[PDB]
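Some notes on the structure that comes next.
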Amino acid sequence: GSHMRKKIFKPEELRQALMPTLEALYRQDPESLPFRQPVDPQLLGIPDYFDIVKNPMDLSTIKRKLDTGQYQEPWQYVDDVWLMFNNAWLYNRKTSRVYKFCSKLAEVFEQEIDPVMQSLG
Ligand SMILES: CC(=O)n1c2c(c3ccccc31)CCCC2=O
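The C-terminal position of the sequence shown is numbered 119 in our numbering, with every residue numbered one higher than the one before it.
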């Protein structure tokens, strides 16, 4: 009965592994462009991207909460990152190139973060 206890590392360690994965998602150009900046349906003038997605999220959100240290567990990052891909597949569906761009990013995440969560999670 190997029962692991709440070990976790810290805001700095979580960054040491999560940031790198973030770079693996930002290294892409067309797939990580609108994902690094909010949409602001007001400036955009299109009330809809925020009405169907309770949490728009964006690469600038996780990276920011990480640069400061808002969460102490790694699950908060993997949960926020996937939450970002959730909105994409939740508002873009399969009828848009954004769902495609977000698709490769996700695959590149579960593949880049696999080693991290393996020793971090
Ligand atoms: C740059 C910007 O904020 N916009 C974005 C979209 C827009 C659609 C119309 C206008 C602006 C838009 C589609 C979803 C991503 C996104 O990021």
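Each residue gets a CB set at the ideal place from its N, CA and C atoms; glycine is no exception.
Local conformation of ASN53 per DSSP, three classes: coil
Kindly provide the chain-ordered list of residues whose Cβ lies closer than 5 angstroms to any non-hydrogen atom of ligand 1. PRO32, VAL37, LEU42
Is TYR24 helix, strand or coil when you go by DSSP? helix
Within the continuous alpha helix (DSSP H) that includes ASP78, where are the two ends? 72 to 85
Where does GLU29 fall in DSSP's three states? coil
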